Amino acid sequence: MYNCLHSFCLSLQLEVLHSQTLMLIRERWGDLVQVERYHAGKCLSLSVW
Amino acid sequence: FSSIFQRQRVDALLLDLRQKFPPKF
């Protein structure tokens, strides 16, 4: 039970963070941050400066 | 006499949960 609901919640958190980065790139930042890698449920990697 | 349209991503995550954790009767 812990494995199933912990894995789902953590990948949900990663999906929320990816959606937030797409909001920041579209609205206010824009090429000051870029998504390098995104594997859904596995990893997210952003590039600044 | 709704659906907030961020549910595509949640649904793909549900399918990944189905695969990563299968149901067991």
# chains A, B, ... in the order shown; residues from 1 in each chain; ligands from 1
>>> residues_around(residues="range 15-24 of chain B", least_positions_apart="3", cutoff="8 Å", atoms="only C-alpha atoms", output="list in words")
residues 4 and 8 of chain A; 11 and 12 of chain B
>>> write_last_selection(atoms="N, CA, C and O atoms", output="compact mmCIF listing (two decimals), in the first residue's frame")
# COMPACT_ATOMS: atom_id res chain seq x y z
N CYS A 4 2.61 1.67 -3.53
CA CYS A 4 1.71 2.14 -4.57
C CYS A 4 1.35 3.61 -4.39
O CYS A 4 1.53 4.43 -5.30
N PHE A 8 2.82 6.83 -6.67
CA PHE A 8 1.85 7.65 -7.40
C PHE A 8 1.92 9.11 -6.96
O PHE A 8 1.87 10.02 -7.80
N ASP B 11 -4.38 10.91 -16.01
CA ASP B 11 -4.83 9.64 -16.57
C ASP B 11 -3.67 8.81 -17.09
O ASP B 11 -3.65 7.58 -16.92
N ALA B 12 -2.71 9.46 -17.75
CA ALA B 12 -1.50 8.75 -18.16
C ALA B 12 -0.73 8.24 -16.96
O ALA B 12 -0.18 7.13 -16.99
>>> residues_around(residues="residue 45 in chain A", least_positions_apart="5", cutoff="10 Å", atoms="only C-alpha atoms", output="number ranges by chain")
A: 18, 34-39
>>> select_by_dssp(residues="chain A", states="strand (DSSP E)", output="list in words")
residues 33, 34, 35, 36, 37, 38, 39, 43, 44, 45, 46, 47 and 48 of chain A
>>> select_by_dssp(residues="chain A", states="alpha helix (DSSP H)", output="list in words")
residues 2, 3, 4, 5, 6, 7, 8, 9, 10, 11, 12, 13, 14, 15, 16, 17, 18, 19, 20, 21, 22, 23, 24, 25, 26 and 27 of chain A
>>> closest_residue(among="A:9, A:23, A:2, A:33", to="residue 46 in chain A", atoms="only C-alpha atoms")
A:33
>>> closest_atom_pairs(of="chain A", to="chain B", cutoff="10 Å", atoms="only C-alpha atoms", output="tab-separated table")
residue	atom	partner	partner_atom	distance
A:3	CA	B:21	CA	9.0
A:4	CA	B:21	CA	6.7
A:5	CA	B:17	CA	9.4
A:7	CA	B:17	CA	8.3
A:8	CA	B:17	CA	6.7
A:9	CA	B:13	CA	10.0
A:11	CA	B:13	CA	7.6
A:12	CA	B:10	CA	7.5
A:15	CA	B:9	CA	7.5
A:16	CA	B:9	CA	9.6
A:19	CA	B:6	CA	9.1
A:40	CA	B:13	CA	8.3
A:41	CA	B:13	CA	7.9
